[PDB]
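A short write-up of the structure that comes next.
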Amino acid sequence: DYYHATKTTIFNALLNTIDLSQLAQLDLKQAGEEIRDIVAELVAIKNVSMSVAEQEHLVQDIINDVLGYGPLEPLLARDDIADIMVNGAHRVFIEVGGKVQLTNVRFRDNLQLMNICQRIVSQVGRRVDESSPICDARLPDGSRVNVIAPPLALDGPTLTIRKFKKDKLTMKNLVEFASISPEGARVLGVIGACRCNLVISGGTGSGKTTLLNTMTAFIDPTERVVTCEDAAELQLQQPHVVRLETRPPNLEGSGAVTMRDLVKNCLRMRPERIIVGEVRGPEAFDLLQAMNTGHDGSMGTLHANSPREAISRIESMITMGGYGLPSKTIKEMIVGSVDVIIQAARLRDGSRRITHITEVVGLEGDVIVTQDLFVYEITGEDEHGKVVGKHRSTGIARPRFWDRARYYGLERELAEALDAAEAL
Amino acid sequence: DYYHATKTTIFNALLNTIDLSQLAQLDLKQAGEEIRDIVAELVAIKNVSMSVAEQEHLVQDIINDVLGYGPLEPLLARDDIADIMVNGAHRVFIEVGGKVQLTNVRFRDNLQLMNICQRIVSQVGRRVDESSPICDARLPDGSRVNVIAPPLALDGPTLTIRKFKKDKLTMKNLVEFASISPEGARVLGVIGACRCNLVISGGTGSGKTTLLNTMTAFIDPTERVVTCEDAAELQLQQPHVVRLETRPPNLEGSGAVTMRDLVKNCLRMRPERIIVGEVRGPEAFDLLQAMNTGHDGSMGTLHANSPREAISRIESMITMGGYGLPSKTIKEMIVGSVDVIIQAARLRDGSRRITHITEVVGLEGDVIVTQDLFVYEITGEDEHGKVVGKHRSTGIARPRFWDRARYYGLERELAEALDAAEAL
Amino acid sequence: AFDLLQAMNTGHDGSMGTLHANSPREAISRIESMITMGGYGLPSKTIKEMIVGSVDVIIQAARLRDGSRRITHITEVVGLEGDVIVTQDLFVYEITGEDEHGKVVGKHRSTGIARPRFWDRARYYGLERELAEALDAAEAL
Ligand SMILES: Nc1ncnc2c1ncn2[C@@H]1O[C@H](COP(=O)(O)OP(=O)(O)O)[C@@H](O)[C@H]1O
Ligand SMILES: Nc1ncnc2c1ncn2[C@@H]1O[C@H](COP(=O)(O)OP(=O)(O)O)[C@@H](O)[C@H]1O
Ligand SMILES: [Mg+2]
Ligand SMILES: [Mg+2]
Numbered sequence: 080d081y082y083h084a085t086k087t088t089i090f091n092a093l094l095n096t097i098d099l100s101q102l103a104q105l106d107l108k109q110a111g112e113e114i115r116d117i118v119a120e121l122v123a124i125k126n127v128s129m130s131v132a133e134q135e136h137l138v139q140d141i142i143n144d145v146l147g148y149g150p151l152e153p154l155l156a157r158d159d160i161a162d163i164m165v166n167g168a169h170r171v172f173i174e175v176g177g178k179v180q181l182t183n184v185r186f187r188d189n190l191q192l193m194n195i196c197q198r199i200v201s202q203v204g205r206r207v208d209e210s211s212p213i214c215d216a217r218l219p220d221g222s223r224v225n226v227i228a229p230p231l232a233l234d235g236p237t238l239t240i241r242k243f244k245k246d247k248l249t250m251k252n253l254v255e256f257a258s259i260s261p262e263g264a265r266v267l268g269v270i271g272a273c274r275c276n277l278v279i280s281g282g283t284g285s286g287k288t289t290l291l292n293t294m295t296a297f298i299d300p301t302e303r304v305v306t307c308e309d310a311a312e313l314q315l316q317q318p319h320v321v322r323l324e325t326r327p328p329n330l331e332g333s334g335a336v337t338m339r340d341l342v343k344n345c346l347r348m349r350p351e352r353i354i355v356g357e358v359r360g361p362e363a364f365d366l367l368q369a370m371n372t373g374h375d376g377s378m379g380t381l382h383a384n385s386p387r388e389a390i391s392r393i394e395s396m397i398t399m400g401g402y403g404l405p406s407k408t409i410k411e412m413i414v415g416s417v418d419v420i421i422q423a424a425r426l427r428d429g430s431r432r433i434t435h436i437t438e439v440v441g442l443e444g445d446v447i448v449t450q451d452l453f454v455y456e457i458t459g460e461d462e463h464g465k466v467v468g469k470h471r472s473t474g475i476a477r478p479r480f481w482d483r484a485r486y487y488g489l490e491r492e493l494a495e496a497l498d499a500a501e502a503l
Numbered sequence: 080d081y082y083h084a085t086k087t088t089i090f091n092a093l094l095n096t097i098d099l100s101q102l103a104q105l106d107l108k109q110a111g112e113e114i115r116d117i118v119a120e121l122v123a124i125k126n127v128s129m130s131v132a133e134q135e136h137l138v139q140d141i142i143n144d145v146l147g148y149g150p151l152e153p154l155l156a157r158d159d160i161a162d163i164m165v166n167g168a169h170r171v172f173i174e175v176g177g178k179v180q181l182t183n184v185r186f187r188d189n190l191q192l193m194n195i196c197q198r199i200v201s202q203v204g205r206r207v208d209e210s211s212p213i214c215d216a217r218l219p220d221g222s223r224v225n226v227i228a229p230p231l232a233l234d235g236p237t238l239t240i241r242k243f244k245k246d247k248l249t250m251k252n253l254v255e256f257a258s259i260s261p262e263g264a265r266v267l268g269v270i271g272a273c274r275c276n277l278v279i280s281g282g283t284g285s286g287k288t289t290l291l292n293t294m295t296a297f298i299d300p301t302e303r304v305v306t307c308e309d310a311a312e313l314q315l316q317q318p319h320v321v322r323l324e325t326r327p328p329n330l331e332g333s334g335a336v337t338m339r340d341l342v343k344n345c346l347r348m349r350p351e352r353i354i355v356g357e358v359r360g361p362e363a364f365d366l367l368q369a370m371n372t373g374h375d376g377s378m379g380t381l382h383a384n385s386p387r388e389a390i391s392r393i394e395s396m397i398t399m400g401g402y403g404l405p406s407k408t409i410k411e412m413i414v415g416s417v418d419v420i421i422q423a424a425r426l427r428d429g430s431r432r433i434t435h436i437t438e439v440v441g442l443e444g445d446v447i448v449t450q451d452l453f454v455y456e457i458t459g460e461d462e463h464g465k466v467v468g469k470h471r472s473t474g475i476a477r478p479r480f481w482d483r484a485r486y487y488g489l490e491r492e493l494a495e496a497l498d499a500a501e502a503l
Numbered sequence: 363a364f365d366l367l368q369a370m371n372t373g374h375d376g377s378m379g380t381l382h383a384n385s386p387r388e389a390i391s392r393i394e395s396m397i398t399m400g401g402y403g404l405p406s407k408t409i410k411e412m413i414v415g416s417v418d419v420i421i422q423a424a425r426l427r428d429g430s431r432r433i434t435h436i437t438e439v440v441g442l443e444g445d446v447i448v449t450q451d452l453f454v455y456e457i458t459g460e461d462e463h464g465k466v467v468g469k470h471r472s473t474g475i476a477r478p479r480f481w482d483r484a485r486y487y488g489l490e491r492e493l494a495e496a497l498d499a500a501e502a503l
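Going down the list, the sequences are from chains F, A and B. Using the authors' numbering, read the first sequence as starting at 80 and increasing by one per residue. Using the authors' numbering, read the second sequence as starting at 80 and increasing by one per residue. Using the authors' numbering, read the third sequence as starting at 363 and increasing by one per residue.
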């Protein structure tokens with residue numbers, strides 16, 4: 080029980096000796112030495128039940144307060160923990176083995192938690208406060224962080240940290256999980272090798288990035304690939320790959336390199352494929368240019384729950400760009416540039432699927448027309464509560480990209496896969 | 080009559096001795112001690128008929144007016160008082176037991192009332208004055224304060240304090256009022272425990288927020304719930320509830336956080352149920368996506384008169400978002416997302432009943448088909464003027480969610496409830 | 363206007379408003395125009411349904427040719443039918459002719475309705491008999 084009182088006393092003593100206002104003075108190593116010496120001198124002057132190990136641990140806690148993330152360090156250190164949910168300063172839950180449990184972890188007060196949240200979301204040049212209480216970001220280590228501030232969250236700052244697994248899935252894994260039928264897997268292989276301008280839509284956590292990463296495995300090793308990203312997610316194996324990453328604006332709101340700038344410059348690097356990590360704003364426009372003016376095979380994911388919604392949001396982003404283009408101009412551009420719209424999506428039981436493999440056939444009137452090569456048919460739910468369904472081909476044996484497939488000598492495999500799926 | 084004169088004289092003497100302008104010198108506690116000493120001294124220096132009891136009363140009144148929330152402190156202290164409505168400095172009303180009544184409470188003048196309002200709204204850091212005459216805020220204790228300043232309010236500052244009604248109706252209370260037959264109550268228990276996505280329709284004041292709060296008593300405690308609201312009304316007793324709340328735009332349109340933004344963010348908080356306070360705008364779309372993408376158990380109340388009109392309203396809201404989805408796409412979304420629509424309604428005689436427990440069976444052609452488990456057949460009118468009706472099960476033995484009910488082991492309870500309903 | 367209707371349709375029954383129009387149908391059209399001016403992205407049918415659900419009565423006053431003012435209608439928003447709002451006038455001022463001084467001559471007559479749309483609302487407050495008597499007396503002509 081003396082741990083809390085000892086910590087408070089040591090914090091007061093450290094502030095008296097080395098105050099937080101002296102930041103950048105007595106830096107990381109200097110602080111690690113000075114605070115340790117001060118804690119030793121205090122343990123000598125001020126009697127405490129803390130032993131030598133306890134004194135070293137108090138020095139460690141001071142180090143955390145000066146350098147670390149507070150009581151989250153024990154949790155983030157562990158690897159079996161998949162999610163950390165803070166729900167205010169006095170209730171920290173953790174997901175272990177797929178089940179949520181309450182931990183005996185407690186922040187000092189909502190101010191400590193609200194400062195730690197700002198510290199965590201500052202790693203990517205982002206700030207969350209009463210000016211903008213909602214903040215979603217992804218850390219370098221490969222985890223997602225969501226924060227809501229006290230103005231909205233009544234109970235206090237709410238922090239959600241999902242630590243996603245490192246190793247990714249291959250198309251073989253997707254076939255194993257029944258995510259896509261093997262015939263669909265062969266058609267996807269043809270599409271990836273055939274150099275089709277495909278857009279991978281989907282919902283949050285639906286599998287967009289994983290699907291893109293599995294599709295890039297079909298890229299011919301001789302091609303010059305350029306991958307524009309925000310978090311260095313993709314893991315390509317080709318030898319001739321150029322990896323780019325946008326730079327978030329600094330604290331002064333200057334020096335930013337938006338994804339739009341990266342894509343615009345990628346047109347100068349003479350790449351054979353541009354792979355946008357995710358389309359969010361005006362860069363959509365530029366990406367289509369790349370898809371249209373010779374860089375066939377360019378891929379890029381976006382957030383949407385169906386091909387129609389994905390196309391609508393592409394139009395919305397292009398309009399946000401402010402180029403003053405009419406609606407039908409944008410629709411003609413989309414129809415000319417995009418070939419396939421693979422639709423990832425999560426099902427009502429939480430399991431992922433590839434629900435559609437669409438195809439922008441053409442533009443009629445003012446509405447774009449598409450035909451699904453595959454569709455997910457849900458039949459019901461099994462005794463375990465999991466959604467049951469099957470991937471059915473619509474029978475189309477002449478996709479609009481047939482010429483591309485033939486030019487590379489893959490039309491035979493495409494026809495074989497489509498007719499084998501049609502046999503069912 | 081001498082009480083007012085003595086109080087005024089003692090206040091002047093205290094200001095002469097202990098100046099309220101001396102802030103940071105003789106502060107709250109020192110101010111109270113000095114006020115007590117000064118009142119004791121002036122009792123003899125300023126001959127007042129007030130005895131020891133009246134002397135202490137005046138001491139406390141000085142301590143309040145100097146520091147506290149003026150004459151409001153008694154009203155805020157009581158627990159039966161639900162609302163406090165001050166129209167100027169002379170017409171303080173209060174709501175007790177559902178009845179608004181005037182009270183013999185007055186303020187010195189409008190300046191005192193405005194200062195009190197400024198002190199009250201300063202707890203949450205907001206300020207109200209002739210510069211920004213309107214202030215709506217939520218105090219830390221759950222009460223809501225609304226203040227309007229003299230420039231707009233002709234009669235003087237207007238204050239409205241709505242305390243948090245901390246007692247709600249349970250399901251058994253709704254049964255006692257003959258609002259839902261006990262068989263219907265147990266069917267609702269099965270539906271809530273079985274985590275079926277449900278929309279709670281109803282008209283104005285028909286009592287659908289209360290029904291939602293009763294339904295949220297069946298949520299399994301181990302589930303992470305996230306409730307979005309415009310004004311905090313639900314009181315969930317589970318230990319894992321996360322409470323959010325929209326922020327309306329200020330007078331200049333900045334700092335707005337719509338329910339749509341909250342519901343979109345909640346998809347990234349890893350919830351297991353999203354419980355939207357009330358669906359009015361485009362957020363319906365997001366909510367349905369939450370229902371579709373694995374967050375089974377999500378709820379939400381909307382304003383409609385019949386389940387068919389509720390579905391039409393959902394379609395209209397989803398179209399209002401401007402996502403460019405055709406009608407049949409939205410209808411398929413609604414069919415796949417919603418499972419049970421519960422219809423509350425307030426009848427002619429001022430009574431409130433639950434008139435439908437509908438299930439969205441599926442699509443026939445271009446119109447969504449529904450089947451009612453329960454219906455309130457209104458026969459006629461009591462001679463007293465009341466309306467007379469009976470709850471009856473439509474005879475549907477196995478509801479659409481029978482498999483879902485069985486997966487949780489509640490098939491026995493559902494069968495018993497529907498047999499008892501059918502056995503009458 | 364939008365907010366006002368929202369107030370009328372969220373428990374604040376009894377609210378009142380005034381606008382500038384010559385006929386109740388013109389008043390409804392101008393309400394739709396204002397709500398569209400709000401810029402909330404609501405289609406016409408949504409606004410018409412909102413007007414139907416919120417408003418109950420529309421009292422149309424007017425100033426006549428001879429400068430005289432007379433309440434010319436007491437209309438009721440009966441409900442939507444297709445894409446047009448239906449209305450029924452409880453009272454109307456029928457202009458029969460002119461006086462010898464150039465004045466306008468007319469009479470207030472009820473359209474004979476006995477059960478207006480707000481019959482239940484009136485009954486809930488113990489006024490159904492007053493309304494019935496008033497309408498019957500008006501219909502006695
Ligand atoms: N078909 C699938 N089967 C199983 N898990 C999947 C599948 N697709 C994606 N995932 C899981 O989703 C997580 C990554 O989702 P991701 O698509 O990268 O996020 P986003 O779609 O938001 O970019 C990984 O942890 C991975 O295990
Ligand atoms: N079945 C019922 N019988 C009697 N009174 C009820 C019933 N349900 C709710 N009430 C009361 O009526 C009020 C309804 O308000 P509320 O539930 O907020 O309706 P809404 O949210 O639709 O406006 C509540 O204050 C509650 O005390
Ligand atoms: Mg991604
Ligand atoms: Mg309500």
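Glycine is no exception: its CB is placed at the ideal position from the N, C-alpha and C atoms.
| query | result |
| --- | --- |
| Residues of the stretch 224-250 of chain F whose Cβ lies closer than 8 angstroms to any Cβ of chain A, in chain order | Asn225, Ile227, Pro230, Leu231, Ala232, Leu233, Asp234, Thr237, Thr239, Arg241 |
| C-beta atoms of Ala264(F) and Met250(F) nearer than 9 angstroms | yes |
| Three-state class that DSSP yields for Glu411(F) in the structure shown | helix |
| N-terminal and C-terminal residue of the beta strand (DSSP E) that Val417(B) is part of | No beta strand (DSSP E) contains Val417(B), which DSSP labels as neither H nor E. |
| Cross-chain neighbours of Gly441(B) in chain A, by beta carbon under 7 angstroms | Per Cβ cutoff of 7 angstroms: no residues; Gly441(B) is ~12 angstroms from chain A at best. |
| Residue from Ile354(F), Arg339(F), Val358(F), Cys345(F) with nearest C-alpha to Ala296(F) | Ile354(F) |
| Backbone secondary structure at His382(A) - three-state DSSP | coil |
| Closer than 8 angstroms at the beta carbon, the chain A residues around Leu404(B) | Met399 |
| For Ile117(A), the three-state DSSP class (helix, strand or coil) | helix |
| Classification of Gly271(A) by the beta-carbon crowding that lies within 10 angstroms, buried from 16 upward | buried |
| Any C-beta of chain A under 9 angstroms from that of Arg477(B) | no |
| Per-residue DSSP class, three states only, for residue 70(F) | Since the first and last residues shown for chain F are 80 and 503, residue 70(F) lies out of range. |
| Contact test: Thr295(A) Cβ vs ligand 2 heavy atom, cutoff 8 angstroms | no |
| For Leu493(F) and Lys287(F), the rounded distance between their alpha carbons | 23 angstroms |
| Contact under 9 angstroms by Cβ, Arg115(F) with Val131(F) | no |
| Cross-chain neighbours of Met348(F) in chain A, by beta carbon under 7 angstroms | Going along chain A, no residue has its Cβ under 7 angstroms from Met348(F), so there is no contact; the nearest lies around 34 angstroms. |
| Within-9 angstroms CB hit, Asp428(B) to chain A | no |
| CB contact below 9 angstroms: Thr182(F) versus chain A | no |
| is_contact[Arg491(B), chain A] using C-beta, thresh 9 angstroms | no |
| Residue-level contact to chain F via CB, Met378(A), 9 angstroms cutoff | no |
| Distance cut-off 8 angstroms: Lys247(A) Cβ against heavy atoms of ligand 4 | no |
| Cα-Cα separation, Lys125(F) to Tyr148(F) | 27 angstroms |
| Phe480(B) versus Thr398(B), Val440(B), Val467(B), residue with shortest Cα-Cα distance | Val440(B) |
| Closer than 9 angstroms to chain A by CB, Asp208(F) | no |
| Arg326(A) versus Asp340(A), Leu315(A), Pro318(A), residue with shortest Cα-Cα distance | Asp340(A) |
| Any non-hydrogen atom of ligand 1 within 8 angstroms of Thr283(F) CB | yes |
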